[PDB]
file final_16.cif (mmCIF, C-alpha atoms)
data_final
#
loop_
_atom_site.label_atom_id
_atom_site.label_comp_id
_atom_site.auth_asym_id
_atom_site.auth_seq_id
_atom_site.Cartn_x
_atom_site.Cartn_y
_atom_site.Cartn_z
CA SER A 1 -137.41 -32.46 15.12
CA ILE A 2 -137.02 -35.93 13.56
CA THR A 3 -133.28 -36.41 13.36
CA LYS A 4 -133.13 -39.28 10.84
CA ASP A 5 -135.71 -37.45 8.70
CA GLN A 6 -133.03 -34.74 8.72
CA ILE A 7 -129.92 -36.83 7.89
CA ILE A 8 -131.10 -38.87 4.90
CA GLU A 9 -131.50 -35.52 3.04
CA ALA A 10 -128.68 -33.94 5.12
CA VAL A 11 -125.97 -36.12 3.56
CA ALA A 12 -127.32 -36.10 -0.02
CA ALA A 13 -128.16 -32.77 -1.74
CA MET A 14 -127.14 -30.45 -4.65
CA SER A 15 -124.55 -27.58 -4.81
CA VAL A 16 -125.70 -23.96 -5.52
CA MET A 17 -128.63 -24.94 -3.27
CA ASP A 18 -126.06 -24.76 -0.45
CA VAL A 19 -124.06 -21.81 -1.89
CA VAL A 20 -127.06 -19.47 -1.40
CA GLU A 21 -127.91 -21.11 2.01
CA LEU A 22 -124.92 -21.50 4.44
CA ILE A 23 -123.86 -17.88 4.22
CA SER A 24 -126.89 -17.63 6.55
CA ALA A 25 -127.14 -20.75 8.76
CA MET A 26 -124.57 -18.73 10.68
CA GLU A 27 -127.23 -16.09 11.34
CA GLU A 28 -130.19 -17.69 13.14
CA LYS A 29 -127.74 -19.34 15.53
CA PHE A 30 -124.09 -18.56 16.49
CA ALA B 1 -85.85 -19.82 -4.47
CA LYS B 2 -86.71 -16.14 -4.01
CA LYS B 3 -83.04 -15.05 -4.46
CA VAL B 4 -80.48 -16.07 -7.19
CA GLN B 5 -76.69 -15.98 -6.29
CA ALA B 6 -74.55 -18.25 -8.53
CA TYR B 7 -75.40 -20.47 -11.53
CA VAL B 8 -73.39 -21.98 -14.40
CA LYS B 9 -75.01 -24.66 -16.52
CA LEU B 10 -72.88 -26.85 -18.73
CA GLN B 11 -74.89 -29.92 -19.58
CA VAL B 12 -73.27 -32.91 -17.86
CA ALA B 13 -73.83 -36.71 -18.05
CA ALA B 14 -75.38 -39.36 -15.80
CA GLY B 15 -73.76 -42.82 -16.19
CA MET B 16 -70.57 -41.58 -14.53
CA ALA B 17 -70.29 -38.24 -12.82
CA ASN B 18 -66.52 -37.85 -13.09
CA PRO B 19 -65.51 -35.85 -16.15
CA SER B 20 -62.13 -34.19 -16.72
CA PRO B 21 -61.54 -33.00 -20.31
CA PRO B 22 -65.08 -31.56 -20.94
CA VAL B 23 -65.85 -30.13 -17.47
CA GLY B 24 -64.22 -31.98 -14.59
CA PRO B 25 -62.26 -29.30 -12.61
CA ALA B 26 -64.09 -26.37 -14.19
CA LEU B 27 -67.36 -27.62 -12.65
CA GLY B 28 -66.06 -27.18 -9.06
CA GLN B 29 -63.11 -25.06 -7.99
CA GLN B 30 -64.25 -21.86 -6.22
CA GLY B 31 -65.54 -23.20 -2.90
CA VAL B 32 -67.02 -26.21 -4.69
CA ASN B 33 -66.23 -29.89 -3.92
CA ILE B 34 -65.34 -32.35 -6.73
CA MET B 35 -65.75 -35.15 -4.18
CA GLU B 36 -69.51 -34.56 -3.66
CA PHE B 37 -71.08 -34.55 -7.15
CA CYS B 38 -70.43 -38.38 -7.21
CA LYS B 39 -71.77 -38.75 -3.66
CA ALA B 40 -74.81 -36.51 -4.30
CA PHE B 41 -75.68 -36.29 -8.11
CA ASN B 42 -75.88 -40.01 -8.70
CA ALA B 43 -78.32 -40.02 -5.75
CA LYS B 44 -80.74 -38.18 -8.09
CA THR B 45 -79.47 -39.79 -11.32
CA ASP B 46 -80.58 -43.45 -11.35
CA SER B 47 -84.17 -42.82 -10.29
CA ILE B 48 -84.85 -41.47 -13.83
CA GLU B 49 -82.39 -42.35 -16.66
CA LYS B 50 -78.66 -42.02 -17.62
CA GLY B 51 -76.30 -40.74 -20.34
CA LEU B 52 -78.02 -37.84 -22.04
CA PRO B 53 -77.96 -33.92 -21.60
CA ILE B 54 -78.17 -32.47 -18.04
CA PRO B 55 -77.91 -28.70 -17.45
CA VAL B 56 -77.52 -27.94 -13.69
CA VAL B 57 -77.30 -25.47 -10.67
CA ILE B 58 -75.67 -26.00 -7.31
CA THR B 59 -75.91 -24.35 -3.86
CA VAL B 60 -72.33 -23.32 -3.07
CA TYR B 61 -71.67 -20.02 -1.29
CA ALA B 62 -68.19 -20.10 0.22
CA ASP B 63 -69.56 -22.71 2.67
CA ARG B 64 -67.18 -25.65 1.89
CA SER B 65 -69.87 -28.22 1.01
CA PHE B 66 -73.16 -27.70 -0.87
CA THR B 67 -76.45 -29.13 -2.10
CA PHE B 68 -77.12 -30.00 -5.79
CA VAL B 69 -80.20 -28.99 -7.81
CA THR B 70 -81.65 -30.56 -11.01
CA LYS B 71 -83.14 -29.02 -14.22
CA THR B 72 -84.49 -29.93 -17.66
CA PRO B 73 -83.32 -30.74 -21.20
CA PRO B 74 -82.97 -28.27 -24.14
CA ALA B 75 -86.13 -28.11 -26.28
CA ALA B 76 -84.90 -27.88 -29.87
CA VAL B 77 -82.76 -30.91 -28.94
CA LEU B 78 -85.88 -32.97 -28.38
CA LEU B 79 -85.90 -32.96 -32.19
CA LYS B 80 -82.81 -35.16 -32.41
CA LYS B 81 -83.49 -38.30 -30.40
CA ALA B 82 -87.12 -37.15 -30.44
CA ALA B 83 -87.47 -36.42 -34.16
CA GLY B 84 -84.90 -37.41 -36.81
CA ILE B 85 -81.80 -35.65 -38.11
CA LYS B 86 -79.26 -34.57 -35.51
CA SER B 87 -77.77 -31.49 -37.17
CA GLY B 88 -80.33 -28.97 -38.48
CA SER B 89 -79.25 -27.95 -42.01
CA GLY B 90 -76.53 -29.40 -44.34
CA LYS B 91 -77.83 -27.07 -47.03
CA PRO B 92 -77.37 -23.70 -45.13
CA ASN B 93 -80.83 -22.36 -44.26
CA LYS B 94 -81.00 -20.62 -47.62
CA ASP B 95 -82.66 -24.09 -48.27
CA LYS B 96 -85.58 -25.36 -46.11
CA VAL B 97 -84.23 -28.84 -45.38
CA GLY B 98 -85.63 -30.44 -42.16
CA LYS B 99 -88.75 -32.63 -41.54
CA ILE B 100 -91.27 -33.04 -38.63
CA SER B 101 -93.49 -35.36 -36.56
CA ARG B 102 -96.80 -33.54 -35.81
CA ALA B 103 -97.93 -36.21 -33.35
CA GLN B 104 -94.81 -35.52 -31.42
CA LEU B 105 -94.26 -31.83 -30.53
CA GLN B 106 -97.04 -32.06 -28.00
CA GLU B 107 -96.26 -35.00 -25.77
CA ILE B 108 -92.53 -34.63 -26.52
CA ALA B 109 -92.85 -30.97 -25.58
CA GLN B 110 -95.20 -31.86 -22.68
CA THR B 111 -92.20 -33.77 -21.28
CA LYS B 112 -90.94 -30.19 -20.61
CA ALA B 113 -94.12 -29.24 -18.71
CA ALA B 114 -92.20 -28.08 -15.63
CA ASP B 115 -90.49 -25.10 -17.31
CA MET B 116 -92.99 -23.14 -19.37
CA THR B 117 -95.32 -20.22 -19.09
CA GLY B 118 -98.33 -21.27 -21.17
CA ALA B 119 -101.31 -22.17 -18.98
CA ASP B 120 -102.88 -24.12 -21.84
CA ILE B 121 -100.70 -27.20 -22.44
CA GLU B 122 -101.75 -26.66 -26.04
CA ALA B 123 -100.06 -23.24 -25.73
CA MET B 124 -96.92 -25.03 -24.64
CA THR B 125 -97.20 -26.63 -28.05
CA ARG B 126 -97.54 -23.41 -30.00
CA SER B 127 -94.19 -22.40 -28.54
CA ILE B 128 -92.60 -25.53 -29.99
CA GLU B 129 -93.79 -24.47 -33.43
CA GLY B 130 -91.13 -21.78 -33.82
CA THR B 131 -88.72 -23.84 -31.74
CA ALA B 132 -89.24 -26.43 -34.49
CA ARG B 133 -89.51 -24.01 -37.45
CA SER B 134 -86.00 -23.22 -36.35
CA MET B 135 -84.76 -24.09 -39.83
CA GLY B 136 -87.97 -23.93 -41.81
CA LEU B 137 -88.65 -27.67 -41.47
CA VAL B 138 -92.37 -28.18 -42.25
CA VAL B 139 -94.61 -30.44 -40.20
CA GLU B 140 -96.87 -32.95 -41.99
CA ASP B 141 -99.98 -31.85 -40.13
CA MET C 1 -99.97 3.19 -28.31
CA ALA C 2 -103.26 2.77 -30.10
CA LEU C 3 -106.03 5.24 -30.83
CA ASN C 4 -109.52 5.06 -29.30
CA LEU C 5 -110.73 2.00 -31.20
CA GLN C 6 -108.32 0.26 -28.82
CA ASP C 7 -108.76 2.30 -25.64
CA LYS C 8 -112.40 1.23 -25.94
CA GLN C 9 -111.74 -2.52 -25.95
CA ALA C 10 -109.57 -2.38 -22.85
CA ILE C 11 -112.81 -0.91 -21.47
CA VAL C 12 -115.72 -2.96 -22.90
CA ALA C 13 -113.73 -6.10 -22.02
CA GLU C 14 -112.48 -5.05 -18.61
CA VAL C 15 -115.82 -3.63 -17.44
CA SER C 16 -117.85 -6.72 -18.37
CA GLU C 17 -115.65 -8.47 -15.81
CA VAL C 18 -117.00 -6.13 -13.18
CA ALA C 19 -120.52 -6.46 -14.58
CA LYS C 20 -120.08 -10.24 -14.56
CA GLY C 21 -117.60 -10.85 -11.67
CA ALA C 22 -117.17 -11.87 -8.00
CA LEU C 23 -114.42 -10.26 -5.79
CA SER C 24 -111.86 -7.38 -6.06
CA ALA C 25 -108.44 -6.86 -4.41
CA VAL C 26 -105.63 -4.31 -4.55
CA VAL C 27 -101.89 -3.71 -5.02
CA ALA C 28 -99.07 -1.25 -5.96
CA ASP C 29 -96.16 -3.00 -7.87
CA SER C 30 -93.41 -0.41 -7.48
CA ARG C 31 -90.63 -2.98 -8.06
CA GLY C 32 -93.00 -5.45 -9.65
CA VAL C 33 -90.44 -7.98 -10.96
CA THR C 34 -91.44 -10.66 -13.50
CA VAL C 35 -90.88 -13.62 -11.25
CA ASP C 36 -93.71 -11.56 -9.78
CA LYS C 37 -96.19 -11.99 -12.62
CA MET C 38 -94.86 -15.51 -13.40
CA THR C 39 -96.01 -16.77 -9.98
CA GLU C 40 -99.46 -15.01 -9.62
CA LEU C 41 -100.44 -16.49 -13.11
CA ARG C 42 -99.85 -19.93 -11.71
CA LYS C 43 -101.94 -18.58 -8.80
CA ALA C 44 -104.55 -17.41 -11.29
CA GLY C 45 -103.53 -20.81 -12.56
CA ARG C 46 -104.74 -22.60 -9.40
CA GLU C 47 -107.44 -20.00 -9.22
CA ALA C 48 -108.47 -21.48 -12.69
CA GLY C 49 -105.92 -20.03 -15.10
CA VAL C 50 -107.05 -17.02 -17.24
CA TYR C 51 -110.39 -16.53 -15.19
CA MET C 52 -108.34 -13.88 -13.21
CA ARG C 53 -106.42 -10.93 -14.47
CA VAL C 54 -104.41 -7.93 -13.06
CA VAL C 55 -104.22 -5.70 -16.20
CA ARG C 56 -102.19 -2.75 -14.85
CA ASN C 57 -104.38 0.26 -15.86
CA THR C 58 -104.70 2.51 -12.83
CA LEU C 59 -105.04 5.34 -15.22
CA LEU C 60 -108.27 6.47 -13.53
CA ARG C 61 -108.73 7.28 -17.17
CA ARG C 62 -109.04 3.44 -17.73
CA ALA C 63 -110.00 1.12 -14.86
CA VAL C 64 -112.10 3.94 -13.42
CA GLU C 65 -113.66 4.40 -16.88
CA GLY C 66 -114.91 0.93 -15.76
CA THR C 67 -115.93 2.20 -12.27
CA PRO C 68 -118.78 4.81 -12.63
CA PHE C 69 -120.24 1.58 -13.97
CA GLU C 70 -120.01 -0.61 -10.74
CA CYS C 71 -117.57 -0.31 -7.77
CA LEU C 72 -117.53 3.54 -7.44
CA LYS C 73 -115.49 2.87 -4.21
CA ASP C 74 -112.46 3.03 -6.47
CA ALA C 75 -112.40 6.65 -7.46
CA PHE C 76 -110.26 6.45 -4.31
CA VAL C 77 -108.08 3.44 -5.24
CA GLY C 78 -107.04 4.48 -8.74
CA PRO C 79 -104.65 7.27 -7.73
CA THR C 80 -100.98 6.42 -8.12
CA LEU C 81 -99.73 2.99 -9.22
CA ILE C 82 -102.26 0.17 -9.01
CA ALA C 83 -102.79 -3.49 -10.07
CA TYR C 84 -106.60 -4.25 -10.33
CA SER C 85 -107.61 -8.04 -9.86
CA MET C 86 -111.13 -9.29 -10.84
CA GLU C 87 -112.77 -12.69 -10.13
CA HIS C 88 -115.24 -14.49 -12.39
CA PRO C 89 -116.01 -17.97 -10.93
CA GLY C 90 -114.52 -19.26 -7.69
CA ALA C 91 -115.46 -18.34 -4.13
CA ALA C 92 -115.13 -14.70 -3.17
CA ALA C 93 -111.83 -16.53 -2.44
CA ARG C 94 -108.12 -16.87 -1.56
CA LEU C 95 -107.26 -14.22 -4.18
CA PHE C 96 -107.56 -12.02 -1.15
CA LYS C 97 -105.27 -14.19 0.95
CA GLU C 98 -102.04 -14.56 -1.02
CA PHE C 99 -101.86 -10.96 -2.05
CA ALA C 100 -101.16 -10.23 1.62
CA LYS C 101 -99.02 -13.33 2.02
CA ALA C 102 -97.23 -12.60 -1.29
CA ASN C 103 -96.47 -8.90 -0.59
CA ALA C 104 -95.66 -9.95 3.01
CA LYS C 105 -92.79 -11.89 1.42
CA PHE C 106 -91.40 -8.43 0.59
CA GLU C 107 -92.97 -8.91 -2.88
CA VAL C 108 -93.28 -5.10 -3.05
CA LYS C 109 -95.96 -3.02 -1.26
CA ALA C 110 -99.69 -3.84 -1.40
CA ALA C 111 -101.04 -0.23 -1.58
CA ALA C 112 -101.38 -0.90 2.14
CA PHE C 113 -104.12 -2.87 0.35
CA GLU C 114 -106.48 0.05 -0.11
CA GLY C 115 -109.06 -2.78 -0.49
CA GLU C 116 -112.24 -2.97 -2.61
CA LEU C 117 -115.62 -4.54 -3.37
CA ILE C 118 -117.81 -7.54 -2.48
CA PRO C 119 -119.62 -5.43 0.03
CA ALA C 120 -118.80 -1.76 -1.03
CA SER C 121 -115.94 -0.75 1.28
CA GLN C 122 -112.24 -0.86 2.30
CA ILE C 123 -109.34 -2.78 3.88
CA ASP C 124 -108.68 -5.89 6.09
CA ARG C 125 -107.33 -9.30 5.14
CA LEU C 126 -110.03 -11.96 5.48
CA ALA C 127 -110.01 -15.73 5.19
CA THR C 128 -113.80 -15.38 5.63
CA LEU C 129 -113.51 -17.35 2.49
CA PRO C 130 -112.60 -20.84 0.98
CA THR C 131 -113.70 -22.24 4.11
CA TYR C 132 -116.42 -21.85 1.39
CA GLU C 133 -117.37 -25.49 0.78
CA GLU C 134 -116.61 -25.68 4.54
CA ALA C 135 -120.27 -26.41 4.78
CA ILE C 136 -118.61 -29.40 6.48
CA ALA C 137 -118.21 -26.87 9.30
CA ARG C 138 -122.00 -27.29 9.24
CA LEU C 139 -121.80 -31.05 8.76
CA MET C 140 -119.71 -31.46 11.93
CA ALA C 141 -122.28 -29.03 13.38
CA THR C 142 -124.78 -31.87 12.82
CA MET C 143 -123.62 -35.13 14.57
CA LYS C 144 -121.83 -33.12 17.30
CA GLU C 145 -125.06 -31.11 17.85
CA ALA C 146 -127.15 -34.35 17.68
CA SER C 147 -124.77 -36.18 20.14
CA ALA C 148 -123.28 -33.49 22.59
#
call {"tool": "encode", "arguments": {"input": "final_16.cif", "output": "structure tokens"}}
result
Amino acid sequence: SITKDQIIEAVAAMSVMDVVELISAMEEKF
Amino acid sequence: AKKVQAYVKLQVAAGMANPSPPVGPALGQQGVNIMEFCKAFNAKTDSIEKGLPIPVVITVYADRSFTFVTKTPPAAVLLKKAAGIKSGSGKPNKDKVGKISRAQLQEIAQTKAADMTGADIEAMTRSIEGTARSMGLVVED
Amino acid sequence: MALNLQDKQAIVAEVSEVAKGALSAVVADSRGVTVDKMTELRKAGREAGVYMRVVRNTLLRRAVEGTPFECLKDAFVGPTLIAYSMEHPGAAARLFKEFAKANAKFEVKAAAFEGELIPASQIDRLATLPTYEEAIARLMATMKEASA
């Protein structure tokens, strides 16, 4: 996909957003 | 330190580590070296301050030499040069004689942050209450 | 000791930690010194302060009286001497880690760490933990994926 369109948001975001999110990025791939 | 072995604390002095009538010999004579507390102590003395009360522990087995540790000052004593009167009564404590500084007791206690159990630094204060109601000297809170 | 009016508080308090908690560990303190507690309270200290406990209670009759609530995986821990540890905030964290590292400094047994509850199961030291915030291990997974 568009890499810059996924860096501008992928350096600036919230907290508990991530806390219920990256216990699972590990799942689709790895 | 996960194993104690030998410790005697008899509050020394900074400006010159070389006593004789108070401590002197009796601070080092059972595998301890009188020559090295003026080579080593004063190496940890001048970074801070000099003259006033210093309890202390050393690392002497029967291994000739050693390495010196530091400590902390008495807490009811920070109510002498850190309060007012230097005794504690005068009228035996059948009479409630002393007198306090409420502002102090926290930051003057806080100076002893490295040797207390209270998580809450406010708790570390509540200890100093009784430590400073040691006579029945009321604090003008 | 105290009557019931007090055996009830040690419950209603201790079980609302389970009902409102995070992780659970294990440990048997046969020889539990006090330099022991001193330390682990600074650890609770780092691990907030007083967010943590360990309230020795392994009277099945107590910290199981908090189990047929949640964590009925502990009808089996509660026998013999035990030191129950609950987490409120914090990652499902490091709590885990130093208990093994502590007791592996002699610091008495660890019940072989009979283990506990996050899942609903048993033993095995994991640092699958406080990497937590190692979402950076998914930040480096960005540029390195984009480049390489």
call {"tool": "interface_residues", "arguments": {"input": "final_16.cif", "of": "chain C", "to": "chain B", "cutoff": "10 Å", "atoms": "only C-alpha atoms", "output": "JSON, numbers by chain"}}
result
{"C": [35, 38, 39, 41, 42, 44, 45, 48, 49, 50, 105, 107]}
call {"tool": "resolve_selection", "arguments": {"input": "final_16.cif", "expression": "the PyMOL selection byres ((chain A) within 8 of (chain C))", "output": "ChimeraX atom specification"}}
result
/A:3,18,22
call {"tool": "atom_distance", "arguments": {"input": "final_16.cif", "atom1": "CA of residue 86 in chain B", "atom2": "CA of residue 128 in chain B"}}
result
17.0 Å
call {"tool": "axis_aligned_box", "arguments": {"input": "final_16.cif", "around": "range 71-77 of chain C", "padding_each_side": "6 Å", "output": "lines of an AutoDock Vina configuration file"}}
result
center_x = -112.8
center_y = 3.2
center_z = -6.0
size_x = 21.5
size_y = 19.0
size_z = 15.6
call {"tool": "residues_near_point", "arguments": {"input": "final_16.cif", "point": "(-106.7, 7.0, -18.5)", "cutoff": "12 Å", "atoms": "all atoms listed in the file", "output": "ChimeraX atom specification"}}
result
/C:4,7-8,10-11,56-66,78-80
call {"tool": "atom_distance", "arguments": {"input": "final_16.cif", "atom1": "CA of residue 53 in chain B", "atom2": "CA of residue 3 in chain B"}}
result
26.0 Å
